[PDB]
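Take a look at this single chain in structure tokens; it is the form deposited in one PDB entry.
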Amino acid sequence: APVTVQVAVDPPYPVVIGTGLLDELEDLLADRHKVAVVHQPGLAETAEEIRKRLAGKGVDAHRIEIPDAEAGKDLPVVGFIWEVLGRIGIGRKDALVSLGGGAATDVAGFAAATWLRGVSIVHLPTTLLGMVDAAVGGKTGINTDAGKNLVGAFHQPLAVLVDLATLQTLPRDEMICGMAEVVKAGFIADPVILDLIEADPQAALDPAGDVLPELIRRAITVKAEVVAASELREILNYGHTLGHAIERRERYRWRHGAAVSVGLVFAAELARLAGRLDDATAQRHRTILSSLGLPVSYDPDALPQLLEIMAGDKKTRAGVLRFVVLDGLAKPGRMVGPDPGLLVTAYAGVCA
């Protein structure tokens, strides 16, 4: 019944896409002695239902509620999760289930990665961004005093269950910000994603339509294929060089997807001015993103503060900025240490 995308790492794991996946979760974890469901607050009820269905099969099943959103990835939260796994007596053969957006899958994933040096985790992402991106690929992380996105671990999930029923209650604004990673996947490796969205941009956002389920499958496949195929993975940062800087500048008060959207537009203008990307494919970034309702511009006077921010990013070595750029649709390449005047000119092409 559901579609499954296999992530061809070693060992491989499935990303299951379908409607009503609790049965598949039950049969998957039926034989574990203990399971802890780590969930964000608005999902207490789905978590309690998972817990009961599990306890029904004989699992000593627990739910662990963590703060919503970015508050949920903070070091004290993972400290709390560890203490709870201990109190419950979660062992090496036991399992965690994450239920929530990207922050939940990241913190629950980091906790599973480090508890007894690694226990199995199943991810149930409940946001579009979580489904196409954060839950696939095994990157986990937490927020510490050092900054965000710095501390983490690679830890592949036993499985990822992408339950489309859950999209029916997702607010429109979260749907739109999840679509920025789908669009990114389209530009880097699967232009059919772009063609499908262009047919009708508003049908792409409809959790009941037939387009969104296909876009999800395709975006997950692009990520699965990149991850299975050590630096090709950097292509997934497309739009994120400026995007992460904007987020930071706004103190994480902008949606991740909105910042990436502006970063994509910037990356396209950078490539266009460098002579690497044709005008048509370059312009297509702004037209697709703006048609979905995503921002395509940012504060015209922010470049100096953005440059200083990008200066300190982990990828920056000896003050040298690195960007993912396209040499054509689905032909990702790199631009290392671009001339400052070129960034200034690209930024003006985006903001003015």
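When you see a residue number, it is the position in the sequence shown, counting from 1.
Visitor: Per the record, how many residues of the deposited chain fall between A71 and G72 without being modelled: none, 1 to 3, 4 to 9, or 10 or more?
Guide: The entry has no unmodelled residues between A71 and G72.
Visitor: Taking the recorded C-alpha temperature factors, which stretch has the higher mean, 120-128 or 195-203?
Guide: Per the PDB entry, the higher value belongs to 195-203.
Visitor: Where do the C-alpha atoms have the higher mean temperature factor in this entry, in 329-337 or in 19-27?
Guide: According to the PDB entry, the answer is 19-27.
Visitor: From the list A259, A146, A111, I176, select the residue with the highest C-alpha B factor recorded in the entry.
Guide: Checking the PDB record, the top C-alpha B-factor among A259, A146, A111, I176 is at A146.
Visitor: Going by the deposited entry, which of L292, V324, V38, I50 has the highest CA temperature factor?
Guide: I50 has the highest C-alpha B-factor of those listed.
Visitor: Splitting the chain's C-alpha B-factors into thirds, which one does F80 fall into?
Guide: For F80, whose C-alpha B-factor we compare with every modelled residue in the chain, the answer is the middle third.
Visitor: Taking the entry's C-alpha B-factors for this chain, is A228 in the lowest, middle or highest third?
Guide: Middle third - that is where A228 ends up once the chain's C-alpha B-factors are sorted.
Visitor: Per the entry's values, where does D190 land by CA temperature factor relative to the rest of its chain, in the lowest, middle or highest third?
Guide: For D190, whose C-alpha B-factor we compare with every modelled residue in the chain, the answer is the middle third.
Visitor: Relative to the other modelled residues of the same chain, rank the CA B-factor of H240 and answer lowest, middle or highest third.
Guide: CA B-factor rank for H240: lowest third.
Visitor: Lowest, middle or highest third: which one holds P213 when the chain's residues are ordered by CA B-factor from the entry?
Guide: Within its chain, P213 is a middle-third residue by C-alpha B-factor, going by the deposited values.
As for the form solved in complex with a small molecule, it is not shown, yet the points below apply to it.
Visitor: Each of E70, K73 and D106 near the small molecule in the deposited complex, meaning some heavy atom within 4.5 Å?
Guide: So, yes: the whole triplet contacts the small molecule.
Visitor: Should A134 be counted as a contact of the small molecule in the deposited complex, where contact means heavy atoms within 4.5 Å?
Guide: Yes, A134 lies within 4.5 Å of the small molecule in the deposited complex.
Visitor: Indicate whether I188 is a 4.5 Å heavy atom neighbour of the small molecule in the deposited complex.
Guide: So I188 does not count as contacting the small molecule.
Visitor: Does any part of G101 reach within 4.5 Å of the small molecule in the deposited complex? Heavy atoms only, please.
Guide: Contact check for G101: yes, within 4.5 Å of the small molecule in the deposited complex.
Visitor: Using a 4.5 Å heavy atom cut-off, state whether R248 contacts the small molecule in the deposited complex.
Guide: Taking the distances in the deposited complex, the answer for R248 is no, it never comes within 4.5 Å of the small molecule.
Visitor: Find the only residue in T166, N237, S120, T221 having a heavy atom within 4.5 Å of the small molecule in the deposited complex.
Guide: When the small molecule is considered in the deposited complex, the option within 4.5 Å is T166.
Visitor: Which of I197, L129, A282, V77 has a heavy atom within 4.5 Å of the small molecule in the deposited complex?
Guide: Flagged contact: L129.
Visitor: Where does the small molecule sit in the deposited complex: which of 78-86, 205-213, 261-269, 170-178, heavy atoms within 4.5 Å?
Guide: Looking at the other structure, the answer is 170-178.
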